[PDB]
Amino acid sequence: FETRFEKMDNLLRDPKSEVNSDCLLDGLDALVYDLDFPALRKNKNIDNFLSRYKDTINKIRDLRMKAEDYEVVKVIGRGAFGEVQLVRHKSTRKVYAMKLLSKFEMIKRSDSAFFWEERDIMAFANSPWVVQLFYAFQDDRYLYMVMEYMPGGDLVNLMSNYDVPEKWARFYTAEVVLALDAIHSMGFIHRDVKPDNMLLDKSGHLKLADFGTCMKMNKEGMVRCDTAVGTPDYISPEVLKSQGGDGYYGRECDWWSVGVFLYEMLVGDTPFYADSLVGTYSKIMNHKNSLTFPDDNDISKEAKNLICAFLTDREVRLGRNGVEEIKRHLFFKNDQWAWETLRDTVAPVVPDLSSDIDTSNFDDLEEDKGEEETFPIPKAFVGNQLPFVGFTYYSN
Amino acid sequence: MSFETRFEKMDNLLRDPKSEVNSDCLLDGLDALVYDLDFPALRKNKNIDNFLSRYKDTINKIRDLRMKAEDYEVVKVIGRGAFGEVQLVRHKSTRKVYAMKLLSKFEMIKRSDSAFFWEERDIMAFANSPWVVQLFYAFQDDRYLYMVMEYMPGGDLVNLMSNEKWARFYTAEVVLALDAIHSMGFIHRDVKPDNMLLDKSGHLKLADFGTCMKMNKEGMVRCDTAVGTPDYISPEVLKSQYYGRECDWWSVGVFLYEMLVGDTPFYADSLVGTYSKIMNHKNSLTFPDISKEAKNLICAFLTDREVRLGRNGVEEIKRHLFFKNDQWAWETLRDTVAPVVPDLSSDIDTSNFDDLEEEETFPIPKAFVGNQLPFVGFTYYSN
Ligand SMILES: O=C1N=CCc2cc(NC(=O)[C@@H]3CNC[C@H]3c3ccc(Cl)cc3)c(Cl)cc21
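Next up, the structure:
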């Protein structure tokens with residue numbers, strides 16, 4: 007008998023659970039949204055409903071972590087679907103990074119399921135290689151993800167403010183080789199590696215920060231996707247031959263992007279850069295060929311033997327099997343850090359921060375709020391809030 | 005009004021069963037959506053499908069932990085009403101024995117009103133009185149609402165009248185049970201022997217409340233539709249086409269009368285007449304002779320509203336000579352022993368209840388209707 011009443015409470019507390027405390031609220035909350043347009047109030051049932059809750063709900067909405075609870079500093083970042091912000095928690099004066107996503111856009115645009123994989127990970131990954139999620143929540147307009155601010159900055163920027171020396175390269179490349187094995191180990195392929203997505207903390211050490219692609223591999227390391235993902239200059243061959251329906255790839259693809267990282271980093275441009283993106287397509291599939299190099303050998307035998315081992319055909323890429331083989335590769339041989347400690351050592355660059363909110367590594371932005379799209383008032387039920395039902399996550 | 009602040013204010017709402025948003029309420033809404041959406045006709049909506057994707061199965065498991073009606077062993081239909089029926093049953097798990105009335109979510113919508121059960125639930129469950137039947141559990145599914153209440157082997161007080173030191177006892181208890189209600193801020197609006205039940209110890213409680221209405225701070229109510237049973241309804245409730257608790261006493265007189273007499277003090281071959289009967293309470297009031308105290312009570316309740324025993328202060332009804340006695344006292348009446356005691360064979364003796372023998380089911384929708392929305396929050400696990 008008591009095989010249930012016990013099994014129940016788990017579900018109502020387990021942050022991993024789809025129906026935990028804050029989840030069930032999101033559903034009730036959402037109803038209250040997707041029904042309170044008078045056009046529907048014309049339904050006895052619907053009316054009788056809003057009557058009973060409306061007010062309660064409103065109060066519940068005052069207690070739950072609302073966007074107001076945050077003080078907006080400056081637009082640290084912005085993307086297709088939303089933007090990232092630096093904020094101080096107006097109560098506990100804590101300072102986080104808060105990414106907003108557009109419930110609107112994400113409906114208009116074909117896909118609105120990518121953020122699940124992200125939240126789950128950033129929040130539970132628990133690893134200094136992954137940025138950390140502290141809170142998540144929604145209104146009728148946005149999803150908000152509150153995260154460990156990274157005073158450090160993107161690595162695309164560090165390559166716009168330096169001329170990375172091979173030693174620095176080895177170090178950055180190794181952290182990324184590590185950061186990824188983390189995600190790999192959680193049964194996820196990243197699927198959009200690139201500087202854009204590698205940030206630094208107060209101590210000039212790297213984590214990854216967008217998971218806007220992340221997909222979980224099956225029991226045998228693979229995935230059955232069938233639409234390309236990432237960024238032109240990085241994506242791998244497999245994920246272009248992706249084109250429904252033969253897409254069938256594993257870990258390996260995330261290493262290819264690594265090659266492109268390592269490349270752009272020492273060189274200065276992507277290994278498949280093209281004045282016409284459409285060209286970068288051909289380039290990538292000709293990796294065997296297209297792979298040129300600076301006629302000025304300003305680089306290592308070890309760096310090359312690495313890169314052209316990553317930027318090789320999937321069937322045969324460093325790491326096709328075992329991360330080990332990438333690690334014990336010549337290029338990483340050195341004596342200033344060791345795999346099992348790299349992060350404890352001292353990053354090639356350290357944050358020259360003036361304060362807790364030194365947004366100097368981040369190129370200032372205009373800061374338009376609410377400007378974009380607005381959901382239409384419907385003539386009947388559509389349930390626009392239903393696929394964001396469960397997003398909310400408080401913890402610690 | 006502060007992070008640490010509201011976050012306190014929140015927990016309450018999730019824990020206090022009087023709250024509309026308690027744990028068990030939340031679920032009902034999440035559960036209800038899953039019902040009113042799962043119809044193929046709608047799953048043709050991107051969002052609506054993607055949604056049932058994410059929950060449907062989860063919820064299905066949650067429906068197996070929650071107190072499902074399966075959890076109970078059906079005994080026999082001890083009761084039956086227009087909107088459903090009452091049943092005796094043993095909790096298949098902990099073999100306990102309760103009285104589980106069912107309501108028809110279907111009929112309750114087809115029938116113009118579906119709000120009356122809230123008063124009931126609230127009362128039966130929070131009353132905390134020997135005077136009110138108690139509610140242990142409440143819950144629902146796509147078809148019925150269920151109320152698990154303390155069984156009453158005793159029986160209805162109209163059945164007792166088919167088998172005055174006796175009447176002064178019953179009438180007293182009813183006078184007391186009812187003051188409980190009023191003090192809760194409720195005016196029952198449907199007294200009758202049908203709604204009066206007796207416990208293992210021949211003591212009475214009230215059982216139906218699908219009528220009760222909360223009086224405003226002025227002890228008054230602003231209704232304008234008649235409810236109850238014909239032979240009982242009071243005059244002011246018929247002219248309803254604003255008042256207060258006094259009308260619940262009128263019924264009290266109607267009980268005392270039929271109790272002593274044999275039939276209602278406004279009976280009619282054609283109920284229709286009973287209407288004008290009650291309106292002419294002054295006249296119509298006939299008489300077969305028993306007590307001078309009985310009479311002085313009766314024709315003090317069956318008086319015009321503006322002047323009825325208990326206009327204000329129900330103590331005056333108490334201090335009316337009819338109650339003068341020496342075998343019980345107000346502040347003990349229940350402790351005494353009842354004029355009748357349950358001669359039960361066991362825990363499930365449905366002897367005092369006459370054994371009793377459509378079946379409409381909701382229409383599949385061609386769009387969102389939300390027929391389960393008005394019963395969202397019913398569910399009530401109590402302790
Ligand atoms: O401190 C941060 N802490 C966590 C995550 C984070 C993420 C980002 N943003 C990005 O990593 C991407 C990469 N290039 C565009 C930028 C971006 C901005 C908004 C969206 Cl919606 C998507 C992507 C920034 Cl800047 C800072 C932080």
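Chain order of the listed sequences is B and A.
Take the first sequence: its letter number 107 is residue 113 in the entry's author numbering, and every next letter is one higher.
Residues 5 to 167, 172 to 249, 254 to 300, 304 to 372, 377 to 402 in the entry's author numbering are what the second sequence lists, from first letter to last.
Note that CB positions come from ideal geometry on N, CA and C, so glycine has one too.
Hey, could you find the ends of the beta strand (DSSP E) residue i is sitting in?
i	result
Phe140 of chain B	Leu139 to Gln144
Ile82 of chain B	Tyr76 to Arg84
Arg94 of chain A	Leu92 to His95
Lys50 of chain A	Per DSSP, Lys50 of chain A belongs to no beta strand (DSSP E); it is in the alpha helix (DSSP H), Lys50 to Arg58.
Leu205 of chain A	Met204 to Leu206
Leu317 of chain A	Here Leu317 of chain A belongs to no beta strand (DSSP E), and DSSP marks it neither H nor E.
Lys294 of chain B	Taken as a continuous stretch (DSSP letters only), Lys294 of chain B belongs to no beta strand (DSSP E), as it is neither H nor E.
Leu214 of chain A	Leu212 to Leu214
In this structure, how does DSSP classify residue i when only helix, strand and coil are distinguished?
i	result
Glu372 of chain B	coil
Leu149 of chain A	strand
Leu359 of chain A	coil
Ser108 of chain A	strand
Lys310 of chain B	helix
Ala353 of chain B	coil
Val183 of chain B	helix
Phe194 of chain B	strand
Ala103 of chain A	strand
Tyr399 of chain A	strand
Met223 of chain A	coil
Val136 of chain B	strand
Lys385 of chain B	coil
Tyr255 of chain A	strand
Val229 of chain B	strand
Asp302 of chain B	coil
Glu89 of chain B	strand
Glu346 of chain A	helix
Residue i versus chain A: which residues are under 8 Å apart at the beta carbon?
i	result
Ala386 of chain B	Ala386 and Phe387
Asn49 of chain B	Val388 and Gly389
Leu214 of chain B	In chain order: nothing, as chain A lies at least about 26 Å away.
Could you give the residue range of the alpha helix (DSSP H) that holds residue i?
i	result
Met271 of chain A	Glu258 to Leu272
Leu17 of chain B	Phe11 to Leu17
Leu37 of chain B	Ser27 to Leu41
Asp126 of chain B	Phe120 to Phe130
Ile241 of chain B	Note, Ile241 of chain B: premise wrong, no alpha helix (DSSP H); not H, not E.
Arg47 of chain B	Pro44 to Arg47
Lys333 of chain B	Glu330 to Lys333
What in chain A is Cβ-close to residue i, meaning under 9 Å?
i	result
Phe130 of chain B	Ordered by position in chain A, no residue passes the 9 Å Cβ test against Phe130 of chain B, which lies about 18 Å from the chain.
Going along chain B, which residues have a C-beta under 9 Å from residue i?
i	result
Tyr59 of chain A	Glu24, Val25, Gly33, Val395 and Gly396
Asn54 of chain A	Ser118, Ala119, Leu392 and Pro393
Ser6 of chain A	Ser97
Going by C-alpha to C-alpha distance, which of the options sits closest to residue i?
i	options	result
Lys247 of chain B	B:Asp302, B:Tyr287, B:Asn163 and B:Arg19	B:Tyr287
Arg147 of chain B	B:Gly396, B:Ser401 and B:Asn390	B:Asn390
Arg70 of chain B	A:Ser191, A:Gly88 and A:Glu12	A:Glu12
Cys220 of chain A	A:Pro238, A:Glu226, A:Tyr240 and A:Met192	A:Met192
residue 302 of chain A	A:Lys60, A:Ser282, A:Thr298 and A:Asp28	Within chain A, the sequence of modelled residues goes 300 then 304, so residue 302 of chain A has no position in this structure.
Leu206 of chain A	A:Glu378, A:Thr233, A:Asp53 and A:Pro357	A:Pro357
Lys222 of chain B	B:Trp122, B:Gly250, B:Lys289 and B:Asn303	B:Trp122
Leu184 of chain B	B:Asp35, B:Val329, B:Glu154 and B:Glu89	B:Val329
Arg320 of chain B	B:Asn64, B:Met228, B:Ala386 and B:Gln144	B:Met228
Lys310 of chain B	B:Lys289, B:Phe338, B:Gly285 and B:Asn327	B:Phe338
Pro277 of chain B	B:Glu244, B:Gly256 and B:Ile313	B:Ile313
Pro238 of chain A	A:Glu172, A:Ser282 and A:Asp20	A:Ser282
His293 of chain B	B:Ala344, B:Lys307, B:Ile241 and B:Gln249	B:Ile241
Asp216 of chain A	A:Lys200, A:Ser366 and A:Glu226	A:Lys200
At 7 Å on the CB atoms, spell out the chain B contacts of residue i, in chain order.
i	result
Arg10 of chain A	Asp68 and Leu69
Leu30 of chain A	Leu30, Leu31 and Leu34
Cβ closer than 8 Å: which chain B residues qualify as neighbours of residue i?
i	result
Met14 of chain A	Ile66, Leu69 and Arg70
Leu18 of chain A	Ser27
_Against chain A: residues of the region 139-157 of chain B by CB proximity under 9 Å_ = none
*Residues of the region 61-82 of chain B with a CB closer than 8 Å to any CB of chain A: list them in chain order, please.*
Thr62, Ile63, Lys65, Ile66, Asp68, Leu69, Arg70 and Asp75
*asked:* Residues of the region 92-126 of chain B in Cβ contact with chain A at a cutoff of 7 Å, in chain order, please.
replied: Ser97 and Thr98
*Of all the residues that make up the region 298-332 of chain B, which are near chain A by a beta-carbon distance shorter than 9 Å?*
none
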